Structure formats: C-alpha cells, structure tokens
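See below for the structure under consideration.
Residue numbers (the deposited numbering), protein chains in the order written: chain 0, 24 to 56; chain j, 57 to 112; chain w, 57 to 112; chain 4, 113 to 168; chain r, 113 to 168; chain v, 169 to 217.
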C-alpha cells in the first residue's frame, strides 16, 4: 500500500528533523560556554 | 474586545492629558517620556482596531 | 492554498508599507534591504499563484 | 626537585584534559547534525525522474 | 600553637559555608525560573506554520 | 558548573524556537521606532507645538 508509506516516510522525516533541532541545541550551548 | 479598545484609548487619553500638560510651560523634555510611553499603547489600539473589523 | 497566498502577499504588503516609507524623506539606502527582502516573498507568491491555477 | 617536577606534569596534563573534552562534544554535535539531518534527504530526494521521492 | 592554628581553620571554614549557601538558593532560583517559565513556550509555540500551538 | 550548563542549554535550547528580530527588521523596528518615536513624535511635536 504505497499511499500508507507516505504517512510512514513523512513520519520519519519528522522523527529525525526534530532530533536535528536537539543537536543544534548542543552546538549553540558550547558557543555560550 | 470593544471594551478593551476604549480602555486602552482612555489610558492614552489620560496620558494625552498629561502629554497635553507635559508641554505646558514649555516642558518639552518631560513630554518625550510621556509621548514615548503612549506609543506602547497606540500599537495595541491599532492591533485591536484592525482585529475588531475582522470579527464584524 | 489560497489562504497562504494572501498571507505572503500581506507580508510583502506590510514590507511594502515600510518600503513605501523606506524612501520617505529620501532614505533610499534603507529601502534597498527592504525591497531586496520582499523579492524573497514575491517568488513564493508567483509559485503559489501559478500552482493555484493548475488546481482549478 | 621531584615534588616540583611532578607537579608541573599534573598542572599541564590537567589543563589538557578539559581542553579535549570541549572538542569532544563539538565533534559529536557536528556528527549528529550531519548524520541525522542528512538522512532526511535520502527520504525526500529518492531515485526518481525528478527525485520526488520516487513515489509521486 | 595547635589551639591557635586549629581555630584559624574553623573561622575561615565557617565563613565559607554560609557563602556557598547563598549561591545555592540563587542558582536554584534561576534554575526554577529557566525551567518552569521555559516550559510554557513549548506549549504555546508548538510546531505550526506560524507556531500558533499547532492546534489553531 | 554543571548546573550552569543546563541553564545555558535551556535559555539557548529555545531561542531558535522564537527567533529574535533580525538586525535588519530590528534596524527597521528600531528605525521605525526611532522614526515613530521621532516621526510620530515629530508629528506630535508640530501638531501641538
């Protein structure tokens, strides 16, 4: 069912896209430190 | 929403009275802080005024 | 999709007001950054405008 | 001499330890960004005539 | 000498204890503010086209 | 020391979430404020001088 994959794939894109946001937090923190 | 607009307008109106008397005697220096303070209220008035038209 | 077009148009319109006042008094230098900024929004408008016709 | 000589090693070594730790997080952060933020593009730009995820 | 030497340690140490305690509450207060007052923004500015809580 | 790292993280963990005004729109916001506070002010300066 390819149509369901669209939900699955775009879910993964959001699962790790936010994690990138978390990673950015560490980098900016070191700049302040 | 309408009740808030006039209230904020009155606060500016009250400061407008002091602003009206701020320059009285030529005390322009004091009016600078009063007028500079009022704009913090005028922006809210316009924001609510525009939003009021949308709800109509 | 239509809701996004006007919103981006309004942002350009808002910058258009500042752009309209950007050159007011002859401050052409400042308008350069404002106008240069708006084009980043106009391109989206045309892209959505063209796409809107396709969906019709 | 021994107590003076040995202390110098501890002081110099102690400074270096924290110096390495600072770079440890920095390289780790870059690795996380370039590995996590990278993976999305292999999900979006999949093998296709226009790299449109290959499903469209 | 011992009674004089030992007393100096107690006097100096006693002063330091309360000094640390003062900073303890201060850092705790900042932690509470930056952790409690912080959490609201993740409730208001949720992931959305305009960060309007994502529900509007 | 470790506590300060946590505070630094949180204060910076969300500044991106609510980005501050850019130096341009801040310059405009300030210039518009400067203008407003010196142009509406100028309007009030000449309106009821």
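Note that the Cβ used here is the ideal one computed from N, Cα and C, for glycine as well.
Range covered by the alpha helix (DSSP H) that runs through residue 137 (chain r) | Taking the fifth chain and counting its residues from 1, one reaches residue 137 (chain r) at position 25. Note, residue 137 (chain r): alpha helix (DSSP H), 114-156.
Anything in chain r within Cβ reach of residue 201 (chain v), meaning under 8 Å, just list it in chain order.
-> On the sixth chain, position 33 is the one that residue 201 (chain v) refers to. Those within 8 Å of residue 201 (chain v) in chain r number zero; the least Cβ separation is about 23 Å.
Got a sec, what are the start and stop residues for the alpha helix (DSSP H) residue 166 (chain 4) sits in?
-> On the fourth chain, residue 166 (chain 4) is found 54 positions in, with the first residue counted as 1. Counting along the chain, residue 166 (chain 4) falls outside any alpha helix (DSSP H), and DSSP gives it neither H nor E.
Under 8 Å between C-beta atoms of residue 181 (chain v) and residue 46 (chain 0) | Position 13 of the sixth chain holds residue 181 (chain v). Position 23 of the first chain holds residue 46 (chain 0). No. Outside cutoff.
So what's residue 70 (chain j) in DSSP terms, helix, strand or just coil?
-> Position 14 of the second chain holds residue 70 (chain j). In the structure shown, residue 70 (chain j) sits in a helix (DSSP, three-state: H, G or I).
Span of the alpha helix (DSSP H) around residue 26 (chain 0) | In the first chain, the residue the question calls residue 26 (chain 0) occupies position 3. Looking at the DSSP string, the run of the alpha helix (DSSP H) that includes residue 26 (chain 0) is 25-55.
Helix, strand or coil for residue 110 (chain w), going by three-state DSSP, please let me know.
-> Residue mapping note: residue 110 (chain w) aligns to position 54 of the third chain, counting from 1. Helix, per DSSP.
Assuming residue 94 (chain w) contacts residue 75 (chain w) under a Cβ cut-off of 8 Å, what Cβ separation, rounded to an integer in Å, is found between them?
-> Taking the third chain and counting its residues from 1, the one referred to as residue 94 (chain w) is at position 38. Taking the third chain and counting its residues from 1, the one referred to as residue 75 (chain w) is at position 19. 7 Å between Cβ atoms; contact.
Assign residue 113 (chain r) to one of two classes, buried (16 or more other C-beta atoms within 10 Å of its C-beta) or exposed (fewer than that).
-> As a working mapping, residue 113 (chain r) is identified with position 1 in the fifth chain. Exposed: under 16 other Cβ atoms inside 10 Å.
When you check each C-beta in the segment 177-189 of chain v against every C-beta of chain r, which residues fall closer than 7 Å?
-> Those would be 178, 179, 182, 185, 186, in chain order.
Going straight from the alpha carbon of residue 156 (chain 4) to that of residue 129 (chain 4), what length do you get?
-> Within the fourth chain, numbered from 1, the residue matching residue 156 (chain 4) stands at position 44. Within the fourth chain, numbered from 1, the residue matching residue 129 (chain 4) stands at position 17. About 42 Å.
Using the C-alpha atoms, what's the distance from residue 91 (chain w) back to residue 41 (chain 0)?
-> Along the first chain, read from residue 1 onward, the residue named residue 41 (chain 0) stands at position 18. Along the third chain, read from residue 1 onward, the residue named residue 91 (chain w) stands at position 35. One C-alpha to the other measures close to 33 Å.
Between residue 89 (chain j) and residue 217 (chain v), what straight-line distance do the alpha-carbon atoms span, to the nearest angstrom?
-> For this step, residue 89 (chain j) is matched to residue 33 along the second chain. For this step, residue 217 (chain v) is matched to residue 49 along the sixth chain. Whole-angstrom Cα-Cα distance: 16 Å.
Indicate whether the contact test is met: 3 or more Cβ pairs, each with one atom in the segment 121-137 of chain r and one in the segment 69-86 of chain j, closer than 8 Å.
-> no
Taking a cut of 7 Å between CB atoms, which residues from the segment 130-143 of chain r lie near chain v?
-> Residues of the segment 130-143 of chain r that bring their beta carbon within less than 7 Å of a beta carbon in chain v comprise 139, 142, 143, in sequence order.
Could you give the DSSP three-state label for residue 183 (chain v): helix, strand or coil?
-> Mapped onto the sixth chain, residue 183 (chain v) falls at position 15. The answer is coil: DSSP assigns residue 183 (chain v) none of H, G, I, E or B.
Among 84 (chain w), 107 (chain w), 80 (chain w), 64 (chain w), nearest to residue 96 (chain w) - alpha-carbon criterion | Numbered from its first residue, the third chain carries residue 96 (chain w) at position 40. The shortest C-alpha to C-alpha distance from residue 96 (chain w) to any of 84 (chain w), 107 (chain w), 80 (chain w), 64 (chain w) is the one to 64 (chain w).
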